[PDB]
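Next comes just one chain, in structure tokens: the form deposited in one PDB entry.
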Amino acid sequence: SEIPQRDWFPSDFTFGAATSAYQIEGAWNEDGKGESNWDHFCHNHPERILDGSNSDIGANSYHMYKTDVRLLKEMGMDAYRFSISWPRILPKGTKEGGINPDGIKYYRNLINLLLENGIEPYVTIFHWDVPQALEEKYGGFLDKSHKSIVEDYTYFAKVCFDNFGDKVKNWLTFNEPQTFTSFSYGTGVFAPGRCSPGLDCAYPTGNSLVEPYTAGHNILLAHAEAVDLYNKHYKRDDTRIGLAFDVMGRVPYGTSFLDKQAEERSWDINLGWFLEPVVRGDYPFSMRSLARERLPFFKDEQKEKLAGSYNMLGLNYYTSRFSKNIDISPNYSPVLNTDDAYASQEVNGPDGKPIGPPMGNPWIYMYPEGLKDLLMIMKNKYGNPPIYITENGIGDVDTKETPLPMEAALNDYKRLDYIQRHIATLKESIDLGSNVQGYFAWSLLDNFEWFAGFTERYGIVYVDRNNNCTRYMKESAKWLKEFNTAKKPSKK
């Protein structure tokens, strides 16, 4: 059968689940934790969240992590990817502000419990939760000096290396810098909600063509400094560090050679943006030729620290899009930073049919082939470095007007089928030379899905918010459980 079996993959292969701090933790202002950009955004603009909710409680994992670890254990996961709340560790976001003991202890307890149970931690240092104190001091990642945020982020990473480096062997400095920059300062659907005048976001007094690039540049400088620090004082033979990129596969809209060029520019604007800098030390050629002065140059010293600043890389894959060419002409001018790719990303092809089957929410269309394309690109174009699919899954719609019955939410067969197909694609990719080494289902738990609030459940484990956030294994989780039971069965 083509249904994935654990013996399809090497003994060393890794299978886990993933979450992020703001999305599952709760205890937003408990035990000294400082306010983050998201606490601020949700509390100030509930109307910018689909269901007007916030993650004050989320999945209450700050108090229920032991149940989280138990389920991970029961499912036989090899690893668990989670993030550290910058403001829970440093309430004022700086060294000056001081470290929060309860924050350090929370993560220390989680990490130790995971390891004791034989589950390897894959820690995301920054998963979009910027301490509000930094946002107010210098705009956080919008820091025009390119110094303040780099120093503050670097110290944050230092505190993580100092307090957890003896137990953590896998680090991810940043999660989806492209989504973060483009959504936060481009379309403004993410905190702080900035965008160009004329666009519909909470603060249409920004610049979608510039701020996303300013933020991205500071993120890359911060990543380079943190990795430099790591390699000089905390690096160990068995530890790895990198970052995770959000990536949607790209496929030519039509047959014209122009759509092939459009496709290339789209991989560039989405993946290339942050990938090429850590691979070779600079932005993709296409981006420098189109964004021009809006895309900052790197000093030679920065280019050096940037090139090769990873031991592994994560890819968060969910869907794909058809790329359609847009010619450079006097009748076209970019509005969003993503418009600099001179191509429109389409869900539907020229025949009026979606690239793949819709999975339920507004943007996820199933197209496993896209993942294979992505892996072949990493293999053939970017040196075939160690790759971990740090995120993959779907969100089941559940709203007040369209309630999702718990029994139906638990019988998540679409998610199961989707997960199985992507794991199968990983096997096909491996048989073609891909250096992929692990897979993480996104959302061990149903959680706060940013601007979607609680309208989408991505968990393999159901969280009953109506009843003390009690957890319930869904069919997907149960299949993963049997899948992980043994590396190599006997009889699959």
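Numbering starts at 1 and follows the sequence shown.
What comes next is about the form solved in complex with a small molecule, which does not appear here.
Visitor: Using heavy atoms only and a 4.5 Å cut-off, decide whether all three of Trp86, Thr94 and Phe161 touch the small molecule in the deposited complex.
Guide: Checked in the deposited complex: no contact with the small molecule for any of the three.
Visitor: Check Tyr65 for me: does it contact the small molecule in the deposited complex (non-hydrogen atoms, 4.5 angstroms)?
Guide: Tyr65: no, not in contact with the small molecule in the deposited complex.
Visitor: Please run the contact check for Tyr80 against the small molecule in the deposited complex: heavy atoms, 4.5 angstroms, yes or no?
Guide: Judged by the heavy-atom cut-off of 4.5 Å, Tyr80 is well away from the small molecule in the deposited complex.
Visitor: Answer for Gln261 alone: is it within 4.5 Å of the small molecule in the deposited complex, judged on heavy atom distances?
Guide: Judged by the heavy-atom cut-off of 4.5 Å, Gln261 is well away from the small molecule in the deposited complex.
Visitor: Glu449 versus the small molecule, in the deposited complex: is there a non-hydrogen atom within 4.5 Å?
Guide: Yes - in the deposited complex, heavy atoms of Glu449 and the small molecule come within 4.5 Å of each other.
Visitor: Would you kindly say which of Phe141, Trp267, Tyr318, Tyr213 lies with a heavy atom within 4.5 Å of the small molecule in the deposited complex?
Guide: Contact residue from the list: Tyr318.
Visitor: Given that the small molecule is left out here, which of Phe322, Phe174, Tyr106, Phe190 has a heavy atom within 4.5 Å of it in the deposited complex?
Guide: Going through each option in turn, the one that passes is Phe190.
Visitor: If we take heavy atoms and a 4.5 Å cut-off, which stretch out of 365-373, 415-423, 176-184, 348-356 is in contact with the small molecule in the deposited complex?
Guide: Within 4.5 Å of the partner lies stretch 176-184.
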